[PDB]
């Protein structure tokens, strides 16, 4: 990985030590990026619903992992499940149980720094994985991208700034996610996100991450050629809102 400090260094050190899981895939592979293109062709808004394990406050808005996934299955283009344990309270067992319960694409969201983590994703039933440019060297990103494609996965490559985007385009990323929060400060900056979006070539499948939204904001981004949306907070607090993004 790159030279890091703070909690990002801490989670990288944890991920380097993550034991590989002993599981056997009993699930087809459903390409998430290609399903997004199918939704685009049918003019159906493509929402990747982000599941969060625990609520950040005492408000009892926690969702059962299976009920949430089953609720989203008829509407979402895919699901994002976070398997990081220390800060996000995820687990491999939670991913496995969700994947055996639904038949739509599952994105494994974690801090992937070694090949065995992609093995884990495949063996547990995930259809693709998240790769984060900021924590990897250019050559590590290239290697892990080729490695995931050897499983038939097109990973979602997550960028935060102009340097990230430059690397991603040069290595031939076809599936790019754009953060709305700054990586170093945690502050939401929709303005910087829209700037990066507008620089991505049209033939790349591009996916901004959004916590909250207004319906008009979605249409404006779709107008720029955004292909799909990663949405978290608004759907955890009100899962039924996904029905308002489709109809």
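Positions refer to the first chain, counted from 1.
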Of 217-225 and 194-202, which one has the bigger average CA B-factor? 217-225
Which of 236-244 and 4-12 has higher mean CA B factor, as the PDB entry lists it: 4-12
Scanning 43, 55, 33, 180 for peak Cα temperature factor in the entry gives 55
Quick one: which of 207, 61, 48, 29 shows the highest Cα temperature factor in the PDB entry? 61
Taking only the Cα B-factors deposited for this chain, tell me whether residue 101 sits in the lowest, middle or highest third. highest
Could you say whether, by C-alpha temperature factor, residue 212 belongs to the lowest, middle or highest third of its chain? highest
With respect to C-alpha B-factor, does residue 125 fall in the lowest, middle or highest third of the chain as deposited? lowest
Relative to the other modelled residues in the chain, which third contains the C-alpha temperature factor of residue 152: lowest, middle or highest? highest
Sort the modelled residues of this chain by their C-alpha B factor and say whether residue 142 lands in the lowest, middle or highest third. lowest
